[PDB]
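Here's a solo chain for you in structure tokens, the form deposited in one PDB entry.
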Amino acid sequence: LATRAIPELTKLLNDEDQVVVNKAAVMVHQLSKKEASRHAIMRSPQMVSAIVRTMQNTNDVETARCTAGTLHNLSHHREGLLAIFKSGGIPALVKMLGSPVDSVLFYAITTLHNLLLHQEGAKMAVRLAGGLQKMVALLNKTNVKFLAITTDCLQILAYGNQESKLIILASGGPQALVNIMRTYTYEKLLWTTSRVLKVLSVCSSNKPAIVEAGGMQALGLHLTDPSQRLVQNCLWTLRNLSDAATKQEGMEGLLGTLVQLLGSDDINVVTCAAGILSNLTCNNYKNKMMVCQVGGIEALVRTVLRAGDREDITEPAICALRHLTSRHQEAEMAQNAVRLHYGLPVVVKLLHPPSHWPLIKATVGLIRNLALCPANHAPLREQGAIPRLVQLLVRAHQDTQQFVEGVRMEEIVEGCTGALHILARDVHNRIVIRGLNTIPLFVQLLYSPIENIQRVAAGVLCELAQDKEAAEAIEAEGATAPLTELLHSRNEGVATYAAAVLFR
């Protein structure tokens, strides 16, 4: 039967009396509501093509609601999607996204949603019709269910596609997305909205804009939510955005929540918490201050202890501790709280195998900071820091004759020589450092091409040279030749230290 009905309405959908074509349309929308007829339509190119073209260029709300509704119904079948696709309905649907009337928007977006999901070529198609701009613009609507489908569409278009991302960025996507996270409590919506942000946060143009739109503070509100899937998009996103956030204010709550999550039963929540904290405390003194204040140092040491040999955890955690123990008002209390909270021995333990270079680099940098506090000078020696630090130094120096596990061995030379430079502020430490027969190396290191290696080498010989026999030992090693040639060096540090050694 239906096969005879169709060719009829097809002809009426092309008539010139908008009342005819309008009645043709109200007709067909009803037919698509039934299994059999609907199948007849999507098997009829002429008809489908006719429905799209009517929905495109029309100006009757009613015919718009019925053509859009019709495509919605065909869009539930694989061959329906295929008909809408071949028939050029994607551009018309993207036009319907301009509609004021809320029944049309619903139909257009859902149809577009099924297309994006199950129909190959639809993504490219929807982009070429300027669908992204339209979808971002619809983000100021207030039907949260509607907003759920829209953000889901953006996510599908955004995924693994840097081009589309940059497009969403340019339409104001970040601010609109962040505003959703600040406004609604619908888990499904917040979940879909956080995937878009997740996907967008890996793009280096999008990352700053999201941060700028107060994205981190907004994601911060959702970290305690019951929904594990929502909470994991937020941690993913926060982690991606956090290398680019030294600017922000209003961060007190987020940092606070971050410290608490350090105690999570969930090894992954814990891992991301450390990473974000590491990231937010890096070269940002106000964050160092706030994290220290809610017991961050205590929480981070507990975390390193709990993780044992799990470097996915200790490495971000050590990194944060390294940030927290330098260059801020409370840096000193923190170098102490690390010891006070039974952190020294474990920090030094991490220098040994099975630890890999990334952890080792981080730990070396933390030990250098801990040493700035004289009350750690003795504890760090008792634990065996120095022999290990020297062992790593000679091992990385010899290996300079590219990126081993992500780490340049020339970073292990520098970091090790620097940790010793600070440790050497204590005479007992200086006796030990000399003992290990280090002087010839420090002198060899003076010829290193890297300015920063010269600096730390010249720095440790300088701390050693405050002792007569040491000062002479250094002379006897051919130090006075390279040392002098360093007096005329670009950066002050190498110059001043070189002078201080010569001085003796």
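Heads up, when I say rigid core I mean the largest set of C-alphas that superpose within 1.5 Å between the two forms. Residue numbers run from 1 along the displayed sequence.
Next on the checklist: Given the other compared entries that model the residues flanking it, would you say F403 is unmodelled in at least one third?
Outcome noted: Per the records, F403 goes unmodelled in at least a third of the other entries.
Checklist entry - What is the count, as a class, of unmodelled deposited residues between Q401 and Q402: none, 1 to 3, 4 to 9, or 10 or more? => result Unresolved stretch here: 10 or more residues.
Checklist entry - Out of 291 to 299 and 214 to 222, which stretch has the higher average CA B-factor listed in the record? => result The stretch with the larger mean CA B-factor is 291 to 299.
Checklist entry - Per the PDB record, is the mean Cα temperature factor higher over 185 to 193 or over 372 to 380? => result On average, C-alpha B-factors are higher across 372 to 380.
Checklist entry - Whose C-alpha has the highest temperature factor in the PDB entry: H397, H341, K165, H113? => result Each of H397, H341, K165, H113 was compared by C-alpha B-factor; the highest is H397.
Checklist entry - From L359, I431, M251, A122, which pick has the Cα B-factor that tops the rest in the entry? => result If I rank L359, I431, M251, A122 by C-alpha B-factor, first place goes to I431.
Item to check | For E414, the third of its chain into which the C-alpha B factor falls | outcome: Its C-alpha B-factor, which the entry lists for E414, ranks in the middle third among residues of this chain.
Checklist entry - Compared with the other modelled residues in the chain, in which third is the CA B-factor of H72? => result For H72, the deposited C-alpha B-factor lands in the middle third.
Checklist entry - Lowest, middle or highest third: where is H328 by Cα B-factor in its chain? => result Middle third, going by the recorded CA B-factors of the chain.
Next on the checklist: Where does the C-alpha B-factor of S264 rank in its chain, lowest, middle or highest third?
Outcome noted: Ranked within chain, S264 CA B lands in the lowest tercile.
Item to check | Cα B factor band for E79 (lowest, middle or highest third within the chain) | outcome: Tercile = highest for this residue's CA B-factor.
Here the subject shifts to the form deposited with a partner chain bound, a form of this protein not shown in this document.
Next on the checklist: To test your reading of this chain, name the stretch in 432 to 440, 49 to 57, 462 to 470, 475 to 483 whose heavy atoms come within 4.5 Å of its partner chain in the entry with it bound.
Outcome noted: Partner-contacting stretch among the options: 462 to 470.
Checklist entry - Which pick from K86, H352, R425, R302 sits with a heavy atom within 4.5 Å of its partner chain in the entry with it bound? => result Contact check passes for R425.
Item to check | Option touching its partner chain, based on a heavy atom within 4.5 Å in the entry with it bound, out of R182, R395, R306, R327 | outcome: Contact check passes for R327.
Next on the checklist: Using a 4.5 angstroms cut-off on non-hydrogen atoms, would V294 count as touching its partner chain in the entry with it bound?
Outcome noted: No, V294 sits far enough from its partner chain in the entry with it bound that none of its heavy atoms falls within 4.5 Å.
Item to check | in the entry with it bound, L372 touching its partner chain (heavy atom, 4.5 Å) | outcome: Flag for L372 set to yes.
Next on the checklist: I'd like to know whether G220 contacts its partner chain in the entry with it bound, with contact meaning heavy atoms within 4.5 angstroms.
Outcome noted: Contact with its partner chain, no.
Next on the checklist: Can you tell me whether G418 touches its partner chain? I mean in the entry with it bound, with a 4.5 angstroms heavy atom cut-off.
Outcome noted: Yes, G418 lies within 4.5 Å of its partner chain in the entry with it bound.
Item to check | Rigid-core frame, C-alpha of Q391, shift of 2 angstroms or more between this form and the one not shown | outcome: Shift at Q391: 2 Å or more after core fit.
Checklist entry - Is there a C-alpha shift of 2 Å or more at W236 between this form and the one not shown once the rigid core is superposed? => result After core superposition, the displacement of the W236 C-alpha between this form and the one not shown stays below 2 Å, so no.
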